[PDB]
Each structure stands twice: as structure tokens, then as C-alpha cells.
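**Student:** My sequence and its experimental structure, below.
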Amino acid sequence: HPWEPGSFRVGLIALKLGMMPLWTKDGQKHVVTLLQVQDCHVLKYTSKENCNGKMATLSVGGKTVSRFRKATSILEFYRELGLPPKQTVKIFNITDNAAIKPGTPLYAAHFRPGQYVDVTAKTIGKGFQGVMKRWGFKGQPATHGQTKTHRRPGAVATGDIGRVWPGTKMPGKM
Amino acid sequence: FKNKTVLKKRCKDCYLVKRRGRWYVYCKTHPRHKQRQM
Amino acid sequence: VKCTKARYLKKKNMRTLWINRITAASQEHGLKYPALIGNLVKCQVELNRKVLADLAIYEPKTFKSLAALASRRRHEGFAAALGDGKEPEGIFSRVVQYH
Amino acid sequence: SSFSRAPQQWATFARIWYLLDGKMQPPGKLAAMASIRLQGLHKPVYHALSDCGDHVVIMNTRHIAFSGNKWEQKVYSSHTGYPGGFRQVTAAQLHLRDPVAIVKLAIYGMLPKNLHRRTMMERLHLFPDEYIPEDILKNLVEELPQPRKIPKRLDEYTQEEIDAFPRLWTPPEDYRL
Amino acid sequence: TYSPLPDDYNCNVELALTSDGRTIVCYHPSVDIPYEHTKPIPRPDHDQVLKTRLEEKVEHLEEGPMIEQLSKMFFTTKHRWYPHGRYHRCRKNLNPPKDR
Amino acid sequence: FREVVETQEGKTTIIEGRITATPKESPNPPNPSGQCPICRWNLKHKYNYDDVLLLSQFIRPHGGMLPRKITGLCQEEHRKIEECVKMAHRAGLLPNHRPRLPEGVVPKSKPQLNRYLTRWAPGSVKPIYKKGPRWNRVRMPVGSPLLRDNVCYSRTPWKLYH
Amino acid sequence: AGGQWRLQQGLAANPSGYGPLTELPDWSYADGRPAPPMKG
Amino acid sequence: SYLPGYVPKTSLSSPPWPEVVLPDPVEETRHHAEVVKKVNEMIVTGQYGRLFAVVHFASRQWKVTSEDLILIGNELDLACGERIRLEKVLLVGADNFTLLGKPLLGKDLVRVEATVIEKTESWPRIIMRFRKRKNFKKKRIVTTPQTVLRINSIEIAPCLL
RNA sequence: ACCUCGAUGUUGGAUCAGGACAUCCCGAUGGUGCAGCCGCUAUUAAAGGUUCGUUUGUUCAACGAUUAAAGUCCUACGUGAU
Ligand SMILES: [K+]
Ligand SMILES: [Mg+2]
Ligand SMILES: [Mg+2]
Ligand SMILES: [Mg+2]
Ligand SMILES: [Mg+2]
Ligand SMILES: [Mg+2]
Ligand SMILES: [Mg+2]
Ligand SMILES: [Mg+2]
Ligand SMILES: [Mg+2]
Ligand SMILES: [Mg+2]
Ligand SMILES: [Zn+2]
């Protein structure tokens, strides 16, 4: 179908290579991230009626992995599709005029220069971290009598409530 | 608009009107006569 | 201690349960609980809540007859209230006197 | 009834699906009649320890009618638990966001405050429009009468009733109106 | 034509009084469902070589999905479907008295 | 009634007043001794907002209330009818007396909210965020206080505040 | 229930007070011999 | 064509409940005799099965039928096996007919007989009272006497007319 | 002087703050002895913000330089098994 206003097309699943500087004709040094799209294909299509949602959902995979490290249910899904299994599978909300046949590969040419895009991925996990590194609390001075309190949250609530509000910033996995 | 518990016209041009649940005093001749029921 | 004090609650709770069951069956016949108990007294039918609850469960046809009697007696009172006593009392409104 | 012991017990403690039409009806009166059916209060064999409740299906929950200024004055408030999570929405705001929330909250506040209350809400079915799923529609039994009788609009009166009602005054012939 | 209650659903109640007025007679014969108010029962419900042997269709389901399926078909909550400990399973009377 | 029509031909405007058919009061009133048409027909304390047949006889084609000196009603019943007319439009029982829309105006689609017994105008009502204690509850008005003396066939009187 | 109506009929507000329901003996022998009077 | 008491039909002009017209007492009086005679004719021919009777015994109303048991919380001073008659019957009902006493049925219309089959004491009942911080504590155990009666037969006689 | 005399010393600060609106700033809107900028006053608004220092145990305050502003309070005069 031709392009229409209010239509959403599918995206890609890229791999973050690294960073590289880039200069413009204005002389400003802009740093960009090299996203490599490799073995990106459309897995299945779900219509708006079957989606139970406003938009139609489309399945996309990337980064072909080994067939020996997947469950039986996932492997048999790719057996009929005739594609190697994908590591990360994302679901994109599209419109009826943007449907793509399953098994269709996708390339970096899907995007063009001057187009603004949105990148989604898991952040770098820092494990269990204290409030000072997780929420940026100031802490306590290292000297002037301080006793075993330099990186502690301090007060967490008031005495009247006699409880801690949900969502209170406490040490945990970041 | 000056909030008054008791609304009193300040001249012959002031007129009462019931709008948005509370009485108002409008006066085009004297804009300072406008009042809102508190 | 709870055993001794629960003997009053058991008697109280049984009667409350009976009233709900009597009310449930009266609504199936288009009547309210005050309209049934109140009008059965005026017919000298002295049936307690225990019997009426049992009748409403095991004798549905008998309960409907009582509902019809209470409804008929209820209608007789309204007719008597419209008149000034000139008309005779209702057929079911007669009271058997005991000396 | 000369039934066998098991069929007789099953029939008495069976579940009956009822239908309610909520168009131009107050939510509370709909909830009052839905409360007794859900708890089983309409049965003479009712008891709290016996799960004798029935299924209530309410249709046209989007077209309920609120008496007075309850669309603007009544407020449905809830708290998410987080600081600053105290939300207060009016009946009109809640109705547009969720057409079935008003009826659901009225019924939920009438059931006894016990563990059985959440079980009774599972046997309550709400549908904003007149469309009903076949499985729910194929097992209905009785349509309970609407509590409030909808008054007739001026255009719904036939000429027989309009002409039957007498005019009380004679307007002057020179009145512009 | 007066009738205190409609004689349509349960029985035909006929109130009466005795000559002395000391006894109320209630003749209530049972009503029968008319033949025109009932529906007929739904009695109704190739080149095959291999007989269709019975195939087991007991699909394995986790504790979660199993309870969710049960809570929807019986229109109950998930709480009642979880098991109980030995302490409660031992307090239950396995030989309760029976009436009627 | 009387109607006014303006016809312009040859850039000249002519205004004329033409008399039309006027309805006549029904003969043999039940109570000729009444002073106003309400008690003349024993309709005092016996009508509500939903009786659009009675209310339509005291309103203009655009829904406006008629003057008291024209209809001949008393001061007490005119206010009661005036409030019933207001609640009739708000309840959607008068679809043929809508306000006149000037040319070139198309009303926007607005939330169709069913309501009745609405004392106040919907746009002038603020939500009750703080209900208050039990002894100082902020009740929601239902109906109209001017109908407090209407004939009630139930033992419980009309509840004008919820 | 019905206490006010009974008092207007010359009876007791409580049906257990006096009358045929209470004063009469509650049982009698099958042969027809009268029962001994109850304690109440 | 309007009477002085005429009111045009409105919401509150007429009572919400529909008007009810009671039957003519003269016409209904003979209609009652027809129903009573039919019900009386069902008793001579024995066109009834099991009968349930509501009797007033030990200040209690029992919905009893034939061959059933009732527990009475007092002693009747009667040897076990003795057959007695329950004089007070308030209601006798069948599958098709029901008779109501006002408030009691005549002795010539219904006869209910029971049998004393077991006289025993109740299980020990705990009566304990306790008040905190007052050293008030006393326990009492009582065994109220009990009596079990079995309803043998419930027969009626054709005396309605 | 009602609760606590069979283990909370209090104040202030640090830490992290939740909340009220009787609003210091940002927003909207009447009046003005509102030309325009500045101002004053009133209604509405608590989504967001509300500085760093010298002497002083300081809270506060003084003045030092700023800021669109350096709000009034409550919370066991918040928080001391931090
Ligand atoms: K301590
Ligand atoms: Mg890591
Ligand atoms: Mg530091
Ligand atoms: Mg130390
Ligand atoms: Mg240290
Ligand atoms: Mg009692
Ligand atoms: Mg304010
Ligand atoms: Mg402190
Ligand atoms: Mg401190
Ligand atoms: Mg502490
Ligand atoms: Zn003025």
C-alpha cells in the first residue's frame, strides 16, 4: 500500500557495535553509535482483531543464534518458517497498510538520513548498588566525628506514619 | 472582581446576574463595581 | 466464656436467618416481609418465623396460599380504610372471639 | 418432587443467569437488585455458608442515568499507594474512561465485606452496549424488570393521548409568543 | 375474576372459609407446564482407513495456567484452588454425620 | 397565536402581523371556583417534571417559560412549573423545544450523559471532593424543594438530598 | 409483631400470654384420658 | 363532561398501585361453600397422601410429619412407649389442600398422636463467667433433661361442612 | 496534669524528605489613582523550583554577593537501633 498519514511502519533489531565521532559542515563534533542490523527478519503477523489492541502487532527477530540452545517449542516455530532462531524478538505496533509477509528480511536501508528514531535496549546492569551511586544521594562527611555513616541513606520516612512509602529510593539492583 | 458575602449595587448601572452557581454584580460604567459572591 | 455468650447469639442469628428466608420467598410472590407477617396476625394465624421459613422451603404451594391470604387481608384493610364503617368488614377480617 | 437425592440437591443449589437492562436506570437501584441475586438473597434456601449465589448479566451499562447532579458532584477517589498518588475523578470523567466502572463500584460496595465478596464479583458480567457474547447470551434464564420506569418524551406521545389531555388556559390571540 | 396472586407460575390457590369461620380452607392444585412452552431436546450433535483410536489429550499445564482455567470455567477466584497444608487436611472430619 | 413575518422584495422590507389559530380551553372545568388553571383542574400537588403534557402548555416553542400574567397562573404554581420545565429539558423529555440555532452553527459532539431530577445546571456544579464527617455530610441535591408538598403515596417522604 | 392489633381485639399483645394457644393442655392420652396439669 | 372531583391523568394524579376490586361478599360467600365442599369431598374418598401438621408443643411450633423425631428439652413424666395425643394443631396440609386454624383446629378435625421412645439427659453444657482484673471466675455444668417423641400418625376427619 | 518515673536527655546541623495552600517564583484571569515598563490588589493554580558564604552552638537574625524565587507551616517543635 502507498504511504498514508497516520501510518506506522515496522522497525528493525540492531546490534550496538560502538561509538565513532562524526563532524558536520558546521564544524561541530557529533558522536554517533554504530548499530549493525544483521539477520533481521519478520517472524509472524498478528491482525488488529487478533491483537486485542488499537494497532496491529508484527514480530521481528535478529542475530541468528545456535539451534542447540533453544527450547522445543521455539525450534518448531522456526522449522515451519524456514529461518534460524533469533536471540531477541521484539513486537512492533503497525497499521493495516504496513503489513509485511513473514520471513521478509530487513536492512539498514529501511531508515534514511535525517530521520529520527527510537532505540530500546536493556541498560548496563551494575548489580546491587547503594543509594549514593543508584540515586545520587549526598551522604555524610568523611570526618568531623562521623561514625560508620558515610554512604548511608539516612532517614527514610517520618515517625508519624510509622511506615515506608512505596517507591521510596532504597539500595537495590541498578 | 472583589469577593463579598453580601452583594450591593454601587450605582444605578450595576445589575445582578446569576452565573456559574453564584451571584455576580456587573457594571460596565464602573468596572470597579464588579463583585463575586463568596 | 464464648460458649456461654454464644447461646444468645445463636437464638438471635436463627431468627435473623428465618426473616431473610421469609423475605426471599415473599418477593417471589410480590410481597414484602412486613406485609406478610403483619397481615397473618390479623387473620389469627399464629405461625412463627421457624415454621414459615420451613414452609417457604419445603412447602412452596402452602406458602403461596398463605401469601394469598395475607395479600387478601391486606387488600381488605385498604378497602375498609377507604370507607367510613358503613360497609361491612371483610370476609377474612372477622375475628373469632374467645371467652 | 419424587426426585432422586442427587438430582434434587443439584436443582435446588443450581445457578440461574439473570439479565438486567441498565439504560436510563440509576446505578444504585441496579446494584440493589443485583446485590441480592449475587449473594443469593432471593432464594428461600439462602445461607452464608452455602455458595448459593447466581449470575447477573447487566447490559447497556453505558446508558445509565444518574439522578440529580451526580454526574458532576459525585467523586470516585482511589490511592495508588505512592506519594502523590491520590486520584479523584468525577462520575462523568470515570464513565467516559470506563463505561462499566460506575455500575461495578456500586455493586461492589453493597456486597458483605468478606472474602466471598470477590467471589461474587466473578459471577457479575457487565457490557457497555447491547452486544452480548453468545455463550453468556445462550445461558440466560430470566430478565429482571427495570426498577425505574422510563418517562416518555414529548415526541413519543400519540395523538390520542395528547388530545385526551385537556388544555387549562386560553392564550390571547394577539400574543406574539 | 379477582385473584390475590397470579395463578400462572406455581399453583391455583383458592381461598375459602368454613361455615363457623373457625378454619381456612386452601385448595391449591399444582399447575402443569403447557406443551407449547417447551423446546425439543437437541438429539443431533469418509474415506478413512485407520480407525480413530482414542488419543490422550491431557496437555501439561503449570500451576498458574491450570488454576486460571479453573477459575474461569467455574467463575470463582484463584484462592480456593490452591492446596492446604497437612494441619488443615488432618482436622477435616472424614466421617461426618449424615442426615436424611 | 400571533406570528410576525418579514418579506423583502425590491430592496424594500415589509413587516406584517398575521393572526393564526389559537387553541381554546377545554369546556366544563372540574373546579370553576379555582383562581388559576392549576387548581381549576385539581392538578395542585399532582404533577411532576415527567408530565410533559402539562408542562408543554406553558412553554414557548423554543423552550422558554411563559409569563405569569399571560398564562394566568398563581405565583406559587408558576415557580413549581418553572422548575419542572427546567428539569424536563435536562432530562431530555422535550426534544422538540430545543434552542434556536443561528445559521452557520453546528454544535460539537458532547458526552451524552443521561440524567433526571437535576436541580442545578450541569455546567455550574463543582465536585464534592471532601464529603465531611457523618454529622456534617455534604449531601447531593436531588429533585427540587418546591415539590416538597406533592402528594406522596408512600409513608417515607421525598428525599431531596442524597 | 402485631401486638398493637391484638390489644385492640381484647387479646394479649403477646400470643403466649393467655388464650387457647397457651392455656389449653399441650397433650393428652391416646385413650382420651386428660393429662395432668402443666407446671406453668 | 368533567366531574367536580376530576383530575387529568398525570404521574401523581392516581396512586402508583393499580386499583383492586374485592369480590361481592354475597356472591363470594357461596363460592367459598363450593370450594369447602370440594375439599371436604377429598377427605371422605381419601384423595391425599402424606400429611404435614404444625403442632404447638412445649411452647414451640413443630413442622412434623408422620414417622419423624422431635427432641423436647423437658420431662413429660411419661413412661417410655406410652402413646399420647397432641391436642394443639395449628395447620394441616397436603399436596393439594391446606387447612388453617384460627388459631387452633378443632379436636374433631385433626388428630396427631406421638410416642415417648427415649428420655435422656442433655450433653454437659458449659456455663462459665469471667471478668478481667476482678478475680471473677466461676464454672457451672448443667444437664437439662430431654425427651424424644416420634409422630406415629396424622389423620383428619370430614368435618369441614 | 489526662497518658510515660521497671532505659527517647534536649537544641541545632548533616542525610532523605512526605504533606497542607493561608502562593515566595513560574501559569491563567478581574480591578486599578492600569499610557507603556514597573507596581498594587483579588480569583484560580501545589505539576516544578525555592542559593552560596562571614561572625555566632545556633534556630532566627545582621550584611556579602546572587537568583524568575531564596514562601508560611505541619509531620514525636519529621527524621538521632542513620
Ligand atoms: K526502651
Ligand atoms: Mg554487571
Ligand atoms: Mg561527600
Ligand atoms: Mg564509637
Ligand atoms: Mg570512619
Ligand atoms: Mg427476639
Ligand atoms: Mg488559592
Ligand atoms: Mg525532633
Ligand atoms: Mg535530632
Ligand atoms: Mg529513630
Ligand atoms: Zn456601578
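**Tutor:** Looks like it came in fine. Residues are numbered from 1 along each chain as shown, chains lettered A, B, ... in the order given. Ligands and ions are numbered 1, 2, ... in the order given.
**Student:** backbone phi and psi for residue H:40, please?
**Tutor:** For residue H:40, the backbone dihedrals are phi -60, psi -30 (criterion: degrees, to the nearest 10).
**Student:** Now it. Nearest residue, chain neighbours left out?
**Tutor:** Spatial nearest neighbour of residue H:40, excluding adjacent residues (Cβ to Cβ, 6 or more residues apart in numbering or on different chains): residue H:160 at 4.1 Å. Heads up, the C-betas are built off the backbone N, CA and C, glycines and all.
**Student:** right, and that neighbour touches residue E:23 too?
**Tutor:** Yes: the pair formed by residue H:160 and residue E:23 meets the contact definition of Cβ atoms under 8 Å, at 6.8 Å.
**Student:** Near chain F, which residues of chain C are found?
**Tutor:** Counting by Cβ under 8 Å from any Cβ of the partner chain, no residue of chain C lies close to chain F.
**Student:** Look up how far residue A:25 lies from the residue nearest the centre of chain B.
**Tutor:** Residue closest to the mean C-alpha point of chain B, counted by Cα atoms, centre = their mean, is residue B:25 at 1.6 Å. Separation of residue B:25 from residue A:25 (Cβ to Cβ, to the nearest Å): 66 Å.
**Student:** repeat for residue E:41
**Tutor:** 85 Å.
**Student:** so how far is residue D:127 from the residue nearest the centre of chain E?
**Tutor:** Chain E has residue E:74 as the residue nearest its centroid, 13.0 Å off, counting by Cα atoms, centre = their mean. From residue E:74 across to residue D:127, the span is 21 Å (Cβ to Cβ).
**Student:** swap in residue E:32?
**Tutor:** Distance check for residue E:32 against residue D:127: by Cβ to Cβ, it reads 36 Å.
**Student:** Kindly report the same for residue D:78.
**Tutor:** Distance from residue D:78 to residue D:127, by Cβ to Cβ: 23 Å.
**Student:** Then residue F:6?
**Tutor:** For residue F:6, the distance to residue D:127 equals 54 Å [Cβ to Cβ].
**Student:** more neighbours, the two?
**Tutor:** Between residue F:6 and residue D:127, counted using other Cβ atoms under 10 Å in any protein chain shown, residue D:127 has the larger neighbour count: 19 against 8.
**Student:** nearest spatial neighbour of that one, skipping sequence neighbours?
**Tutor:** Leaving aside its sequence neighbours, residue D:127 sits nearest to residue D:59 (Cβ to Cβ, 6+ apart; 5.0 Å).
**Student:** Quick one: residues contacting the one you found.
**Tutor:** Residues near residue D:59 by Cβ atoms under 8 Å, 6 or more residues apart in numbering or on different chains: D:19, D:20, D:21, D:22, D:127, D:129, D:130, D:132.
**Student:** neighbours around residue D:130, how many?
**Tutor:** 11.
**Student:** Tell me who's in contact with it.
**Tutor:** Here residue D:130 is in contact with D:59, D:60 (Cβ under 8 Å, 6+ apart).
**Student:** and it, helix, strand or coil?
**Tutor:** coil (DSSP: H, G, I helix; E, B strand; the rest coil).
**Student:** Distance of it relative to ligand 11?
**Tutor:** As for residue D:130, its distance to ligand 11 is 57 Å (criterion: Cβ to the ion, to the nearest Å).
**Student:** can I assume residue F:5 sits in a strand?
**Tutor:** Yes: the assignment for residue F:5 by three-state DSSP puts it in a strand.
**Student:** Next, the contact list for it, please.
**Tutor:** F:15, F:16, F:18.
**Student:** Tell me what the residue nearest to the centre of chain B is bridged to.
**Tutor:** With DSSP bridges as the criterion, residue B:25 is bridged to residue B:16, residue B:35.
**Student:** Verify the stated contact: it with residue B:16.
**Tutor:** Yes: in this structure, residue B:25 is within contact of residue B:16 by Cβ under 8 Å, at 6.1 Å.
**Student:** Which neighbours do the two have in common?
**Tutor:** Residues touching both residue B:25 and residue B:16 (Cβ under 8 Å, 6+ apart): B:7, B:9.
**Student:** I figured residue A:99 was touching residue A:55, is that so?
**Tutor:** No: counting by Cβ under 8 Å, residue A:99 sits too far from residue A:55 to count as a contact (11.4 Å).
**Student:** Three-state assignment for the most centrally placed residue in chain H, please.
**Tutor:** The centre of chain H sits closest to residue H:54, judged by Cα atoms, centre = their mean, with a distance of 3.1 Å. Secondary structure assignment for residue H:54 (three-state DSSP): strand.
**Student:** so what's it up against?
**Tutor:** Shown in contact with residue H:54 (Cβ under 8 Å, 6+ apart): C:47, C:51, H:61, H:62, H:63, H:64, H:89, H:90, H:91, H:92.
**Student:** can you check residue D:95 too?
**Tutor:** D:62, D:71, D:101, D:102, F:111, F:113.
**Student:** can you tell me how far residue H:116 sits from chain C?
**Tutor:** To chain C, residue H:116 is 23 Å away according to Cβ to the nearest Cβ, to the nearest Å.
**Student:** Please name the bridge partners of that residue.
**Tutor:** Beta-bridge pairing for residue H:116 (DSSP bridges): residue H:149.
**Student:** how deep is it tucked in, by neighbour count?
**Tutor:** The burial count for residue H:116: 18, using other Cβ under 10 Å.
**Student:** If the residue nearest to residue D:127 is in a bridge, with which residues?
**Tutor:** residue D:21, residue D:127.
**Student:** Now for residue D:118, how many residues are close by?
**Tutor:** 14.
**Student:** how much space between it and residue D:109?
**Tutor:** Taking Cβ to Cβ, one finds residue D:118 at 13 Å from residue D:109.
**Student:** of the contacts of residue F:5, closest to ligand 11?
**Tutor:** Ranked by distance to ligand 11 (Cβ to the ion), the contacts of residue F:5 are led by residue F:15 at 36.6 Å.
**Student:** any idea whether that closest one is helix, strand or coil?
**Tutor:** Here residue F:15 takes the strand state, with states given by three-state DSSP.
**Student:** Just list the residues touching it, thanks.
**Tutor:** Contacts of residue F:15 by Cβ under 8 Å, 6+ apart are F:4, F:5, F:6.
**Student:** Beta-bridge partners for it, please?
**Tutor:** Beta bridges link residue F:15 to residue F:6, judged by DSSP bridges.
**Student:** What of residue A:36?
**Tutor:** Here residue A:36 sits in beta bridges with residue A:15, going by DSSP bridges.
**Student:** what's around the closest residue to residue D:63 other than its chain neighbours, how many residues?
**Tutor:** In space, and not counting its chain neighbours, residue D:63 is closest to residue D:23: 4.3 Å by Cβ to Cβ, 6+ apart. Look at residue D:23: counted by other Cβ under 10 Å, it has 15 neighbours.
**Student:** Get me the contact residues on chain D for RNA strand I.
**Tutor:** Those residues of chain D that sit near RNA strand I, judged by Cβ under 7 Å from any atom of the strand, are D:83, D:84, D:86.
**Student:** quick one: which of the residues you listed is nearest to chain A?
**Tutor:** Lowest distance from chain A to these (Cβ to the nearest Cβ) belongs to residue D:83, with 5.1 Å.
**Student:** Give me the distance between the closest one and chain C.
**Tutor:** As judged by Cβ to the nearest Cβ, residue D:83 and chain C stand 43 Å apart.
**Student:** how many neighbours does the closest residue to residue C:28 other than its chain neighbours have?
**Tutor:** The shortest distance from residue C:28 to any non-neighbouring residue, by Cβ to Cβ, 6+ apart, is to residue D:42 (7.4 Å). Per other Cβ under 10 Å, the neighbour tally for residue D:42 reads 20.
**Student:** part of a strand, is residue D:42?
**Tutor:** No: assigned with three-state DSSP, residue D:42 falls outside any strand and is coil.
**Student:** ok, residue A:108 - contacts?
**Tutor:** With Cβ under 8 Å, 6+ apart, residue A:108 has these contacts: A:12, A:14, A:35, A:37.
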